Amino acid sequence: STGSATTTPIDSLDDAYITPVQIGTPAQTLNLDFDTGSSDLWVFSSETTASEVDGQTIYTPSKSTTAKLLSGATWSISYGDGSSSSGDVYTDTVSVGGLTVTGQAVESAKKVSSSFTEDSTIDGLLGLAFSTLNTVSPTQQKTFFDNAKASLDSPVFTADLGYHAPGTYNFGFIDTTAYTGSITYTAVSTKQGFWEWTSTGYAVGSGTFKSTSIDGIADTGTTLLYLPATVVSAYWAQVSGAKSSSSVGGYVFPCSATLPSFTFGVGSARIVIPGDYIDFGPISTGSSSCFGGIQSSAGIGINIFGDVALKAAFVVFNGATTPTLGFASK
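Next up, the structure:
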(Lines of atoms letter the chains of each structure in order from A and count residues from 1; the text may use other names and numbers.)
(Lines give C-alpha, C1' and ligand atoms only; values in the text may rest on other atoms or scores of the structure.)
Protein backbone atom coordinates (compact mmCIF):
# COMPACT_ATOMS: atom_id res chain seq x y z
CA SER A 1 0.00 0.00 0.00
CA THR A 2 0.86 3.66 -0.21
CA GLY A 3 -0.53 7.03 0.88
CA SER A 4 -0.09 10.58 -0.39
CA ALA A 5 -1.36 13.73 1.32
CA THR A 6 -0.87 17.43 0.76
CA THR A 7 0.59 19.46 3.62
CA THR A 8 -0.19 23.17 3.83
CA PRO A 9 1.46 26.04 5.71
CA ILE A 10 -0.73 27.37 8.56
CA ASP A 11 0.21 31.00 7.88
CA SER A 12 2.24 33.32 5.66
CA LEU A 13 5.49 32.55 7.52
CA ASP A 14 5.36 28.73 7.25
CA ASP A 15 5.27 28.54 11.06
CA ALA A 16 3.98 24.97 10.74
CA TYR A 17 2.27 22.69 8.26
CA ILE A 18 -1.07 20.86 8.55
CA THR A 19 -2.10 17.68 6.79
CA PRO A 20 -5.66 16.32 6.74
CA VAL A 21 -6.17 13.01 8.55
CA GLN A 22 -9.31 10.85 8.59
CA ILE A 23 -10.16 9.41 12.02
CA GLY A 24 -13.00 7.05 12.83
CA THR A 25 -16.13 5.77 11.13
CA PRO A 26 -17.66 7.74 9.55
CA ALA A 27 -14.49 9.70 8.96
CA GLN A 28 -13.79 12.77 11.07
CA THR A 29 -11.18 14.85 9.24
CA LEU A 30 -8.75 16.75 11.46
CA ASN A 31 -5.78 18.82 10.31
CA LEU A 32 -2.72 17.52 12.10
CA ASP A 33 0.86 18.74 12.44
CA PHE A 34 3.06 15.87 11.21
CA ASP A 35 6.03 15.87 13.59
CA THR A 36 9.14 13.76 12.93
CA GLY A 37 10.43 14.94 16.33
CA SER A 38 7.77 13.21 18.46
CA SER A 39 5.82 9.97 18.58
CA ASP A 40 2.29 10.64 19.82
CA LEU A 41 -0.80 11.05 17.62
CA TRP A 42 -3.00 13.31 19.73
CA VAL A 43 -6.08 15.35 18.93
CA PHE A 44 -8.37 18.02 20.23
CA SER A 45 -11.51 16.15 21.20
CA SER A 46 -14.92 16.23 22.80
CA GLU A 47 -13.04 15.54 26.06
CA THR A 48 -10.84 18.64 25.84
CA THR A 49 -11.48 21.21 28.59
CA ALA A 50 -13.95 23.58 26.92
CA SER A 51 -12.10 26.80 27.76
CA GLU A 52 -9.01 25.35 26.06
CA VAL A 53 -10.72 24.87 22.69
CA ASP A 54 -10.82 27.96 20.44
CA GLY A 55 -11.70 27.14 16.84
CA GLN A 56 -10.08 23.72 16.45
CA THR A 57 -11.92 20.81 14.90
CA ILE A 58 -12.46 18.09 17.51
CA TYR A 59 -12.53 14.30 17.41
CA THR A 60 -15.66 12.90 19.07
CA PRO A 61 -15.03 9.19 19.75
CA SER A 62 -18.64 8.54 20.75
CA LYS A 63 -19.64 9.30 17.14
CA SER A 64 -17.18 6.74 15.73
CA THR A 65 -18.43 3.16 15.47
CA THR A 66 -14.84 1.89 15.34
CA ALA A 67 -13.56 3.83 18.39
CA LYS A 68 -12.65 1.82 21.47
CA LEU A 69 -11.41 3.21 24.77
CA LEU A 70 -7.96 1.83 25.54
CA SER A 71 -8.70 0.94 29.12
CA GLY A 72 -6.49 2.56 31.75
CA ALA A 73 -4.22 4.29 29.24
CA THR A 74 -3.17 7.91 29.68
CA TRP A 75 -0.66 10.16 27.99
CA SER A 76 1.19 13.39 28.75
CA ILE A 77 3.75 15.16 26.61
CA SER A 78 5.88 18.28 26.85
CA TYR A 79 7.54 19.73 23.77
CA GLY A 80 10.80 21.60 23.25
CA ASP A 81 8.98 24.91 22.87
CA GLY A 82 7.48 24.48 26.34
CA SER A 83 4.00 23.54 25.19
CA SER A 84 2.19 20.44 26.48
CA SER A 85 -0.96 18.31 26.40
CA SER A 86 -2.39 15.21 28.08
CA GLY A 87 -5.41 12.93 28.22
CA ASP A 88 -6.68 9.40 27.60
CA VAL A 89 -6.52 7.02 24.64
CA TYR A 90 -8.77 5.38 22.08
CA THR A 91 -7.94 3.02 19.28
CA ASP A 92 -9.62 3.80 15.96
CA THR A 93 -9.18 3.70 12.20
CA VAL A 94 -6.82 6.38 10.90
CA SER A 95 -6.19 7.17 7.24
CA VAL A 96 -3.65 9.51 5.67
CA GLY A 97 -3.84 10.19 1.96
CA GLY A 98 -5.53 6.87 1.21
CA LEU A 99 -3.36 4.76 3.54
CA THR A 100 -5.38 3.16 6.33
CA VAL A 101 -4.30 1.82 9.72
CA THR A 102 -6.81 0.01 11.91
CA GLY A 103 -6.34 -0.03 15.68
CA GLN A 104 -4.22 3.14 15.74
CA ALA A 105 -3.81 4.74 19.16
CA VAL A 106 -5.55 8.12 19.00
CA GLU A 107 -4.65 10.12 22.07
CA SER A 108 -7.57 12.31 23.10
CA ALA A 109 -6.62 15.57 24.81
CA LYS A 110 -8.26 16.44 28.12
CA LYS A 111 -5.86 19.37 28.60
CA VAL A 112 -3.73 21.45 26.23
CA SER A 113 -1.42 24.37 26.98
CA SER A 114 -2.15 27.89 25.88
CA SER A 115 -0.08 27.84 22.70
CA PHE A 116 -2.21 24.98 21.36
CA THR A 117 -5.47 26.72 22.30
CA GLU A 118 -4.27 29.93 20.67
CA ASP A 119 -3.54 28.22 17.34
CA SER A 120 -6.93 27.54 15.76
CA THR A 121 -5.40 25.90 12.69
CA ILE A 122 -3.80 22.86 14.36
CA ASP A 123 -6.20 20.13 15.52
CA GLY A 124 -3.44 17.93 16.95
CA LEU A 125 -0.12 16.25 16.15
CA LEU A 126 0.83 13.10 14.31
CA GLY A 127 4.18 11.86 15.54
CA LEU A 128 6.65 10.28 13.13
CA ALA A 129 9.73 9.79 15.32
CA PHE A 130 10.49 6.35 16.76
CA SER A 131 7.85 4.63 18.87
CA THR A 132 10.25 4.42 21.83
CA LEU A 133 9.34 8.10 22.53
CA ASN A 134 5.58 7.46 22.67
CA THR A 135 4.21 8.70 26.00
CA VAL A 136 1.25 6.34 26.51
CA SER A 137 1.24 4.66 29.90
CA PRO A 138 1.23 1.91 31.09
CA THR A 139 1.43 0.33 27.62
CA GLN A 140 3.46 2.34 25.10
CA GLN A 141 1.82 2.68 21.68
CA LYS A 142 3.11 2.64 18.11
CA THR A 143 3.19 5.54 15.66
CA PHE A 144 1.05 5.60 12.53
CA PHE A 145 4.16 4.86 10.42
CA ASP A 146 5.22 1.98 12.65
CA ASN A 147 1.73 0.44 12.38
CA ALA A 148 1.57 0.95 8.59
CA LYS A 149 5.12 -0.14 7.81
CA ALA A 150 4.66 -3.84 7.10
CA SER A 151 1.86 -3.08 4.66
CA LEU A 152 3.72 -0.37 2.74
CA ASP A 153 5.27 -1.09 -0.67
CA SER A 154 8.56 0.17 0.81
CA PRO A 155 9.12 0.98 4.52
CA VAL A 156 9.59 4.72 3.97
CA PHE A 157 7.88 8.05 4.15
CA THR A 158 8.98 11.30 2.51
CA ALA A 159 8.59 14.96 3.45
CA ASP A 160 8.42 17.54 0.67
CA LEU A 161 7.60 20.80 2.43
CA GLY A 162 6.95 23.92 0.43
CA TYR A 163 8.22 27.45 0.84
CA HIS A 164 5.15 29.64 1.16
CA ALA A 165 3.31 26.88 -0.70
CA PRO A 166 1.76 23.45 -0.18
CA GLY A 167 3.86 20.29 -0.27
CA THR A 168 3.47 16.55 0.19
CA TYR A 169 3.89 13.68 2.65
CA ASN A 170 4.11 10.29 0.91
CA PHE A 171 4.06 6.89 2.60
CA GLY A 172 5.46 3.74 1.07
CA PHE A 173 7.06 5.08 -2.11
CA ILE A 174 9.62 7.58 -3.39
CA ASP A 175 8.24 9.94 -6.05
CA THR A 176 11.16 10.18 -8.43
CA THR A 177 9.59 13.22 -10.14
CA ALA A 178 9.65 15.27 -6.91
CA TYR A 179 13.38 16.01 -6.73
CA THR A 180 16.36 16.84 -8.92
CA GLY A 181 19.61 14.91 -9.16
CA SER A 182 20.16 12.02 -6.75
CA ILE A 183 19.11 11.29 -3.19
CA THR A 184 22.09 11.13 -0.83
CA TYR A 185 21.56 8.79 2.10
CA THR A 186 23.17 9.21 5.48
CA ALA A 187 23.32 7.22 8.72
CA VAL A 188 20.75 7.59 11.51
CA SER A 189 21.10 6.98 15.22
CA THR A 190 17.85 6.00 16.90
CA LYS A 191 19.43 6.08 20.40
CA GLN A 192 17.44 9.16 21.47
CA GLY A 193 14.28 8.17 19.57
CA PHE A 194 14.84 10.78 16.85
CA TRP A 195 15.83 10.81 13.19
CA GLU A 196 19.31 11.85 14.31
CA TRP A 197 22.07 12.25 11.74
CA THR A 198 25.37 14.09 11.18
CA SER A 199 25.70 16.87 8.63
CA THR A 200 29.13 17.18 7.07
CA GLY A 201 29.35 20.97 7.31
CA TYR A 202 28.08 24.30 6.06
CA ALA A 203 28.58 27.41 3.97
CA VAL A 204 27.25 30.95 4.27
CA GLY A 205 26.15 32.57 1.02
CA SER A 206 28.83 32.20 -1.66
CA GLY A 207 31.47 31.47 0.98
CA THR A 208 33.72 28.44 1.22
CA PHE A 209 32.33 25.21 2.64
CA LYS A 210 33.46 24.41 6.18
CA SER A 211 33.85 20.68 6.73
CA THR A 212 32.67 19.94 10.25
CA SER A 213 30.40 17.32 11.80
CA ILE A 214 27.05 18.66 13.04
CA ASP A 215 24.90 16.09 14.84
CA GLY A 216 21.20 16.97 14.79
CA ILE A 217 17.64 15.80 14.22
CA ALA A 218 15.38 16.04 11.17
CA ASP A 219 12.32 17.56 12.78
CA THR A 220 9.31 18.60 10.72
CA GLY A 221 7.57 19.80 13.89
CA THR A 222 10.12 22.54 14.57
CA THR A 223 9.87 25.75 12.51
CA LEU A 224 13.45 26.98 12.51
CA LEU A 225 16.99 25.73 12.00
CA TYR A 226 18.87 25.47 15.31
CA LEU A 227 22.64 25.08 15.07
CA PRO A 228 25.77 25.59 17.20
CA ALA A 229 26.48 29.17 18.27
CA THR A 230 29.68 29.30 16.21
CA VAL A 231 27.80 28.43 13.00
CA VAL A 232 24.94 30.81 13.70
CA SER A 233 27.29 33.69 14.52
CA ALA A 234 29.11 33.10 11.24
CA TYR A 235 25.82 33.30 9.35
CA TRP A 236 24.48 36.49 10.96
CA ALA A 237 27.86 38.24 10.72
CA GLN A 238 27.13 38.42 6.97
CA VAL A 239 23.96 40.48 7.54
CA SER A 240 24.52 44.18 8.26
CA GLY A 241 22.83 45.17 11.49
CA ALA A 242 21.98 41.65 12.65
CA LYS A 243 22.32 40.97 16.35
CA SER A 244 21.32 38.52 19.03
CA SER A 245 18.62 40.02 21.24
CA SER A 246 18.02 38.44 24.65
CA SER A 247 14.81 40.47 24.95
CA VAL A 248 13.42 39.11 21.69
CA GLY A 249 14.89 35.64 22.20
CA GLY A 250 17.34 35.24 19.35
CA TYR A 251 18.92 36.80 16.30
CA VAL A 252 17.07 39.66 14.67
CA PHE A 253 17.98 41.62 11.57
CA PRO A 254 16.87 44.75 9.72
CA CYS A 255 13.80 43.95 7.66
CA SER A 256 15.46 45.91 4.80
CA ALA A 257 18.24 43.31 4.52
CA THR A 258 18.78 40.82 1.74
CA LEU A 259 19.66 37.55 3.49
CA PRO A 260 22.41 35.23 2.23
CA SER A 261 21.75 31.58 1.57
CA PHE A 262 22.87 28.83 3.94
CA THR A 263 24.22 25.50 2.68
CA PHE A 264 24.39 22.29 4.72
CA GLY A 265 26.23 19.10 3.89
CA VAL A 266 24.75 15.65 3.51
CA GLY A 267 27.72 13.39 2.87
CA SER A 268 29.43 14.90 -0.18
CA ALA A 269 26.14 16.49 -1.30
CA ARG A 270 24.94 20.00 -0.52
CA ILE A 271 21.50 21.43 0.25
CA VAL A 272 21.09 25.17 -0.30
CA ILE A 273 18.59 27.10 1.80
CA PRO A 274 17.78 30.34 -0.05
CA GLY A 275 18.08 33.52 2.00
CA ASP A 276 14.36 34.26 1.79
CA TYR A 277 13.62 31.01 3.67
CA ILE A 278 15.47 32.50 6.68
CA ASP A 279 13.17 35.57 7.00
CA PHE A 280 10.46 35.17 9.66
CA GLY A 281 9.20 38.71 9.40
CA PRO A 282 8.68 41.54 11.87
CA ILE A 283 9.18 40.69 15.54
CA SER A 284 5.90 42.51 16.24
CA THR A 285 3.36 44.02 13.87
CA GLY A 286 4.78 47.11 12.21
CA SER A 287 8.36 46.62 13.43
CA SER A 288 11.34 47.05 11.13
CA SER A 289 13.23 44.41 13.12
CA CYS A 290 12.75 40.94 11.64
CA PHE A 291 13.23 37.53 13.27
CA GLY A 292 15.87 35.16 11.92
CA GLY A 293 15.20 31.62 10.77
CA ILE A 294 18.60 30.32 11.87
CA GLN A 295 19.06 30.39 15.65
CA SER A 296 21.47 29.00 18.22
CA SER A 297 20.86 25.54 19.69
CA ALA A 298 22.94 26.43 22.73
CA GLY A 299 20.85 25.47 25.73
CA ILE A 300 18.51 23.24 23.71
CA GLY A 301 21.00 20.42 24.04
CA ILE A 302 20.55 19.26 20.46
CA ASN A 303 20.82 20.73 16.97
CA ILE A 304 17.54 20.76 15.05
CA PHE A 305 17.12 20.65 11.29
CA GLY A 306 13.61 22.07 11.35
CA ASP A 307 11.35 23.24 8.56
CA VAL A 308 13.70 26.04 7.41
CA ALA A 309 16.23 23.34 6.44
CA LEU A 310 13.89 20.52 5.47
CA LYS A 311 11.76 22.59 3.09
CA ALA A 312 14.84 23.18 0.93
CA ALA A 313 15.01 19.41 0.29
CA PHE A 314 13.12 16.28 -0.63
CA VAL A 315 13.64 14.16 2.49
CA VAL A 316 13.39 10.38 2.76
CA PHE A 317 12.70 8.87 6.18
CA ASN A 318 13.81 5.29 5.54
CA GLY A 319 12.37 2.95 8.17
CA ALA A 320 14.18 -0.18 7.04
CA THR A 321 15.62 -2.47 9.71
CA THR A 322 18.57 -0.08 9.88
CA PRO A 323 16.98 3.33 9.37
CA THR A 324 18.62 6.01 7.23
CA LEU A 325 17.80 9.52 5.99
CA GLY A 326 17.93 10.69 2.38
CA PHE A 327 18.18 14.25 1.07
CA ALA A 328 17.82 15.55 -2.48
CA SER A 329 17.63 19.02 -3.93
CA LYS A 330 14.35 19.92 -5.63
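Residue numbers (PDB author numbering): 1 to 330. For each residue, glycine too, the CB sits at the ideal point set by N, CA and C.
Rounded to a whole number of angstroms, what is the C-alpha to C-alpha distance between residue i and residue j?
i, j, result
"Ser113", "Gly301", "23 Å"
"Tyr251", "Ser244", "4 Å"
"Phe173", "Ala148", "13 Å"
"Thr121", "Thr7", "13 Å"
"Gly249", "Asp15", "16 Å"
"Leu41", "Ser240", "43 Å"
"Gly193", "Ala129", "6 Å"
"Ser131", "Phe327", "23 Å"
"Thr91", "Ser287", "47 Å"
"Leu13", "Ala242", "20 Å"
"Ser233", "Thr177", "37 Å"
"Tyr163", "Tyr179", "15 Å"
"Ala27", "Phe253", "46 Å"
"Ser84", "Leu152", "32 Å"
"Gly103", "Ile214", "38 Å"
Once DSSP output is grouped into helix, strand and coil, what is the label at residue i?
i, result
"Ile77", "strand"
"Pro26", "coil"
"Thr60", "coil"
"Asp219", "coil"
"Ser288", "coil"
"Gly72", "strand"
"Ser45", "strand"
"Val53", "coil"
"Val188", "coil"
"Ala309", "helix"
"residue 335", "In the structure displayed, the chain extends from 1 to 330; residue 335 sits before or after that span and is not available."
"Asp11", "coil"
"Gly301", "coil"
How about residue i and residue j: do their beta carbons lie closer than 8 Å?
i, j, result
"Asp54", "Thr74", "no"
"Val266", "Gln238", "no"
"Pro323", "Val101", "no"
"residue 335", "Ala5", "Lying outside 1 to 330, the shown extent of the chain, residue 335 is not represented and no answer is given."
"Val94", "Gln22", "yes"
"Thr184", "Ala269", "yes"
"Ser261", "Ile271", "no"
"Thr60", "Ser71", "no"
"residue 331", "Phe314", "In the structure as shown, the chain starts at 1 and stops at 330, and residue 331 therefore has no counterpart that could be examined."
"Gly201", "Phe209", "yes"
"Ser206", "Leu99", "no"
"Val96", "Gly3", "yes"
Are the C-beta of residue i and some C-beta of chain D separated by less than 8 Å?
i, result
"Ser4", "The chain labelled as chain D is not found in the depicted structure, where only one protein chain is given."
Which full runs of the beta strand (DSSP E) of 3+ residues lie inside the stretch 144-178, going along the chain?
156-160, 167-171, all fully within the stretch 144-178.
Is it the case that the stretch 293-310 contacts the stretch 260-280, given that we only count it when at least three CB pairs across the two stretches are under 8 Å?
yes
May I have a chain-ordered list of the alpha helix (DSSP H) segments no shorter than 4 residues that lie completely inside the stretch 80-145?
114-117
Uninterrupted alpha helix (DSSP H) stretches inside the stretch 208-271 (no shorter than 4 residues):
229-236
The stretch 155-163 contacting the stretch 62-79, beta-carbon criterion three pairs below 8 Å
No, they do not touch.
Assess, as a yes-or-no matter, whether the stretch 279-295 is touched by the stretch 218-231 under the definition of 3 or more beta carbon pairs within less than 8 Å.
yes
Touch test, the stretch 101-113 against the stretch 121-141, Cβ-Cβ under 8 Å, three pairs minimum
The stretch 101-113, when compared against the stretch 121-141, does touch it at the 8 Å Cβ threshold.
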